[PDB]
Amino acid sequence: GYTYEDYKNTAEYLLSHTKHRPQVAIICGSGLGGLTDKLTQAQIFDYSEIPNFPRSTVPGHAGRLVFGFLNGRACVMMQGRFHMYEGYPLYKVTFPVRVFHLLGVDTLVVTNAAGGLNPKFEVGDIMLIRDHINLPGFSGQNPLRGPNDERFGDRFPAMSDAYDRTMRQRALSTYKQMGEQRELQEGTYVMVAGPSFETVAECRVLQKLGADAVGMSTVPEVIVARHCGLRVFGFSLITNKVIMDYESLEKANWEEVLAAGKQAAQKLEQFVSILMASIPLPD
């Protein structure tokens, strides 16, 4: 899809257009665009200004790349992201990850909204992503499909350790700092392509498969990130409980999802601030 030079071009475009030198990249999903609010000395890029960048066409995805310091830390944030249901191939969806690597970022934080499949979750919960299930990947939709470029990484990268074990413990301990009543949740994110929401039968297959939450993003970004050796941390905001019986009259919808994010804005902001303090310095 893209040449090595295409990524370099975008990398160089940004490097020459800002003095910031991010160490940490954060991708903000549906309703989590607010996480850019506590950035200091921010510099804003529209995705439309950036060579080779796709556009966010989804409500709650602003379409901006924001550099700054978050709680001391040098960040670049994706205020909005791309999804395969919008029609992008996965090499477009994940394009920014390898540009982050080329900017010298060494850690990727992925966030998303997710439907809750585990009965113990409540709307509003933060689930740490311990693992994932890549259903598009099983059948061919893997962002590494095609010729492998050794300058980014190996032909057959492993995913069994994709989610940093250290940052996960560190995030579990330091969670008492939030003073929140609900304990910090941990579990498996299954990616599904969408854009339509799950039937009850589908929700039940996803539960049987062992997933705790379901969304339509995140996995391709993580795969590309581990391919090029970035440390990865992920979490979902549980925005709704996916309908798991034929008696409920509730149905999933996007407005409720954006609204759950708006209500949890401060909780998330605190969580992410604390998290920056837990990322080790480079070298």
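One rule holds for the numbers: they count along the sequence shown, beginning at 1.
> Which is higher on average in the deposited entry, the C-alpha temperature factors of 75 to 83 or of 117 to 125?
Replying inline: Mean C-alpha B-factor is greater for 117 to 125.
> Should the higher mean CA B-factor in the entry be assigned to 47 to 55 or to 220 to 228?
Replying inline: Between 220 to 228 and 47 to 55, it is 47 to 55 that shows the higher mean C-alpha B-factor.
>> For the CA B factor values reported in this entry, which option in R145, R165, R204, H101 has the top one?
In response: Comparing C-alpha B-factors across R145, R165, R204, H101, the top value belongs to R165.
> Looking at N240, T40, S30, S236, which has the highest CA B-factor as recorded?
Replying inline: If I rank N240, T40, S30, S236 by C-alpha B-factor, first place goes to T40.
> Where does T188 sit by CA temperature factor within its chain: lowest, middle or highest third?
Replying inline: Middle third, going by the recorded CA B-factors of the chain.
>> Which third, lowest, middle or highest, does the C-alpha temperature factor of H17 belong to within its own chain?
In response: According to the entry, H17 has a C-alpha B-factor in the chain's lowest third.
>> Taking only the Cα B-factors deposited for this chain, tell me whether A25 sits in the lowest, middle or highest third.
In response: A25: CA B-factor falls in the lowest third of its chain.
>> Please say which third, lowest, middle or highest, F156 falls into when its CA temperature factor is compared across its chain.
In response: CA B-factor rank for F156: lowest third.
>> Lowest, middle or highest third: which one holds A211 when the chain's residues are ordered by CA B-factor from the entry?
In response: Ranked within chain, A211 CA B lands in the middle tercile.
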